[PDB]
Amino acid sequence: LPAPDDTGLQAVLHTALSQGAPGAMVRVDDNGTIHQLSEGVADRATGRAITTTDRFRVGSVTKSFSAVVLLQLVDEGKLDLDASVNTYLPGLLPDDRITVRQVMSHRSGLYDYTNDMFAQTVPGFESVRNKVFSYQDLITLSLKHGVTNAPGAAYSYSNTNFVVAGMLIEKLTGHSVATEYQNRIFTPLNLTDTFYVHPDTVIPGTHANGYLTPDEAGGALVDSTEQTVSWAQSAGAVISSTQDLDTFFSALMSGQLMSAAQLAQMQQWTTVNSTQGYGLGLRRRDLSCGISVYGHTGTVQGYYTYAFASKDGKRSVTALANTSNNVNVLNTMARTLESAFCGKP
Ligand SMILES: *C(=O)[C@@H](NC(=O)Cc1ccccc1)[C@@H]1N[C@@H](C(=O)O)C(C)(C)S1
């Protein structure tokens, strides 16, 4: 690979601050040489600077952790990707033909309940932040809507799919998702900054605060740091660090977390758009210099995350800006992948 471009990374972060991120940071693990940059503040009221060791909410990057657990259950013979979800969770879904593979690749047609919750950004955050939901509650919210397409027929990202994922983990293992994440991922990889504490609202240890941008342009930012994330759970509630997400996606892509057969299933790409695919709880992004990278993005209130690795896991990058509902910042932060993998233009 090209050399990571730290000047380019620095410009990305500075642009993200100019667009409304209080803080922005990135860590590259380049085959044993680290690159780490940060600009701005973890806490905008106190002025405490953001740093690449600050913990944060990774949002939908959680889906990759859920997918790893499920694919280990497939290795163990406890789950068949092409069986019906209702085989394992009887009566859950209105269509017996919706399969586990369809759920994990967002081809199930299940409606995303979060479109109900966040029609207004800050009011929706205020409605869910201190709520505790069961998995079934969230499924029932989805099922109030008809499915949006036939099973398997169309890619349509839906948090509901990884609420089903959590339910399947807990039913088939008899344990909580937190226990399964810990035993199958966090402990074996020594991810000392990585937690699943739902429904606790505290982020353990030193952390970046999250700042939710309101829908009204120019409006005051809302501190969204402390919330249950119960509206997402196995779709969105992991806490981590740039170092730990780098370790996780390098371990995944280098074949440490499941059989080769199941990693191949995880990497069967459904088209998202002309430069992106979706596997099983895994995104592919195709970069301008003809390199593809693998991992996931996250948006949870006040945090935008990108966490991606090369095909062989030897280079990994995690970038975080502590705002959300700011599409300029979201778009800017994607450029860290270009600078880190494609290098100087
Ligand atoms: C994961 O991060 C998910 N985030 C949300 O459900 C929160 C949300 C975001 C925007 C508006 C309303 C609610 C989904 N995953 C990300 C991702 O994969 O990058 C999406 C942006 C697709 S939402």
# chains A, B, ... in the order shown; residues from 1 in each chain; ligands from 1

$ closest_atom_pairs --of "chain A" --to "ligand 1" --cutoff "10 Å" --atoms "only C-alpha atoms and all ligand atoms" --output "Markdown table"
| residue | atom | partner | partner_atom_place_in_ligand_line | distance |
| --- | --- | --- | --- | --- |
| A:57 | CA | ligand 1 | 2 (O) | 9.6 |
| A:58 | CA | ligand 1 | 2 (O) | 7.4 |
| A:59 | CA | ligand 1 | 2 (O) | 4.2 |
| A:60 | CA | ligand 1 | 1 (C) | 3.3 |
| A:61 | CA | ligand 1 | 2 (O) | 6.5 |
| A:62 | CA | ligand 1 | 1 (C) | 8.0 |
| A:63 | CA | ligand 1 | 1 (C) | 8.2 |
| A:112 | CA | ligand 1 | 6 (O) | 8.4 |
| A:113 | CA | ligand 1 | 6 (O) | 9.0 |
| A:114 | CA | ligand 1 | 13 (C) | 6.0 |
| A:115 | CA | ligand 1 | 12 (C) | 6.6 |
| A:116 | CA | ligand 1 | 12 (C) | 9.2 |
| A:117 | CA | ligand 1 | 12 (C) | 7.9 |
| A:118 | CA | ligand 1 | 12 (C) | 5.4 |
| A:119 | CA | ligand 1 | 12 (C) | 7.6 |
| A:120 | CA | ligand 1 | 12 (C) | 9.0 |
| A:121 | CA | ligand 1 | 12 (C) | 7.2 |
| A:124 | CA | ligand 1 | 12 (C) | 9.0 |
| A:125 | CA | ligand 1 | 13 (C) | 9.2 |
| A:156 | CA | ligand 1 | 22 (C) | 9.7 |
| A:157 | CA | ligand 1 | 22 (C) | 6.6 |
| A:158 | CA | ligand 1 | 14 (C) | 7.4 |
| A:159 | CA | ligand 1 | 6 (O) | 6.0 |
| A:160 | CA | ligand 1 | 6 (O) | 9.4 |
| A:229 | CA | ligand 1 | 7 (C) | 9.9 |
| A:231 | CA | ligand 1 | 6 (O) | 8.6 |
| A:232 | CA | ligand 1 | 6 (O) | 7.1 |
| A:235 | CA | ligand 1 | 1 (C) | 6.9 |
| A:236 | CA | ligand 1 | 1 (C) | 5.8 |
| A:237 | CA | ligand 1 | 2 (O) | 9.2 |
| A:278 | CA | ligand 1 | 18 (O) | 9.7 |
| A:281 | CA | ligand 1 | 18 (O) | 9.4 |
| A:282 | CA | ligand 1 | 18 (O) | 9.2 |
| A:283 | CA | ligand 1 | 18 (O) | 8.1 |
| A:295 | CA | ligand 1 | 18 (O) | 10.0 |
| A:296 | CA | ligand 1 | 18 (O) | 6.4 |
| A:297 | CA | ligand 1 | 19 (O) | 4.1 |
| A:298 | CA | ligand 1 | 2 (O) | 3.5 |
| A:299 | CA | ligand 1 | 2 (O) | 3.7 |
| A:300 | CA | ligand 1 | 7 (C) | 5.0 |
| A:301 | CA | ligand 1 | 7 (C) | 7.0 |
| A:303 | CA | ligand 1 | 2 (O) | 9.0 |
| A:304 | CA | ligand 1 | 2 (O) | 8.0 |
| A:305 | CA | ligand 1 | 19 (O) | 7.9 |
| A:306 | CA | ligand 1 | 19 (O) | 8.0 |
| A:324 | CA | ligand 1 | 9 (C) | 8.1 |
| A:325 | CA | ligand 1 | 10 (C) | 6.9 |
| A:326 | CA | ligand 1 | 10 (C) | 9.9 |
| A:327 | CA | ligand 1 | 10 (C) | 9.8 |
| A:330 | CA | ligand 1 | 21 (C) | 9.2 |

$ closest_atom_pairs --of "segment 13-34 of chain A" --to "segment 245-261 of chain A" --cutoff "9 Å" --atoms "only C-alpha atoms" --output "Markdown table"
| residue | atom | partner | partner_atom | distance |
| --- | --- | --- | --- | --- |
| A:27 | CA | A:246 | CA | 8.0 |
| A:28 | CA | A:246 | CA | 7.5 |
| A:29 | CA | A:246 | CA | 6.8 |

$ write_last_selection --atoms "N, CA, C and O atoms" --output "PDB file, in the first residue's frame"
ATOM      1  N   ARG A  27      -6.754   7.164  14.052  1.00  0.00           N
ATOM      2  CA  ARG A  27      -5.589   6.288  14.301  1.00  0.00           C
ATOM      3  C   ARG A  27      -5.459   5.310  13.171  1.00  0.00           C
ATOM      4  O   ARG A  27      -6.428   4.638  12.863  1.00  0.00           O
ATOM      5  N   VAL A  28      -4.255   5.190  12.624  1.00  0.00           N
ATOM      6  CA  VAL A  28      -3.928   4.168  11.626  1.00  0.00           C
ATOM      7  C   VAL A  28      -2.938   3.192  12.238  1.00  0.00           C
ATOM      8  O   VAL A  28      -1.935   3.635  12.812  1.00  0.00           O
ATOM      9  N   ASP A  29      -3.228   1.904  12.100  1.00  0.00           N
ATOM     10  CA  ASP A  29      -2.209   0.917  12.398  1.00  0.00           C
ATOM     11  C   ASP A  29      -1.761   0.438  11.015  1.00  0.00           C
ATOM     12  O   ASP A  29      -2.483  -0.275  10.317  1.00  0.00           O
TER      13      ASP A  29
END

$ atom_distance --atom1 "atom CA of residue 9 of chain A" --atom2 "atom CA of residue 33 of chain A"
15.6 Å

$ closest_residue --among "A:181, A:155, A:111, A:211" --to "residue 24 of chain A" --atoms "only C-alpha atoms"
A:211

$ atom_distance --atom1 "atom CA of residue 86 of chain A" --atom2 "atom CA of residue 154 of chain A"
20.0 Å

$ atom_distance --atom1 "atom CA of residue 227 of chain A" --atom2 "atom CA of residue 130 of chain A"
5.9 Å

$ residues_around --residues "residue 328 of chain A" --least-positions-apart "3" --cutoff "8 Å" --atoms "only C-alpha atoms" --output "list in words"
residues 16, 19, 331 and 332 of chain A

$ write_last_selection --atoms "N, CA and C atoms" --output "short mmCIF file (atom, residue, chain, number, x, y, z; two decimals), in the first residue's frame"
data_model
loop_
_atom_site.label_atom_id
_atom_site.label_comp_id
_atom_site.auth_asym_id
_atom_site.auth_seq_id
_atom_site.Cartn_x
_atom_site.Cartn_y
_atom_site.Cartn_z
N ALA A 16 -13.14 19.13 9.39
CA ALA A 16 -14.27 18.70 10.21
C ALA A 16 -14.52 19.67 11.35
N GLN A 19 -16.38 22.65 10.18
CA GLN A 19 -17.76 22.37 9.79
C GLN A 19 -18.66 22.08 10.98
N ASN A 331 -19.34 13.54 5.75
CA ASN A 331 -18.68 13.45 4.45
C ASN A 331 -17.19 13.74 4.58
N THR A 332 -16.84 14.74 5.34
CA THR A 332 -15.42 15.05 5.49
C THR A 332 -14.64 13.90 6.12
#
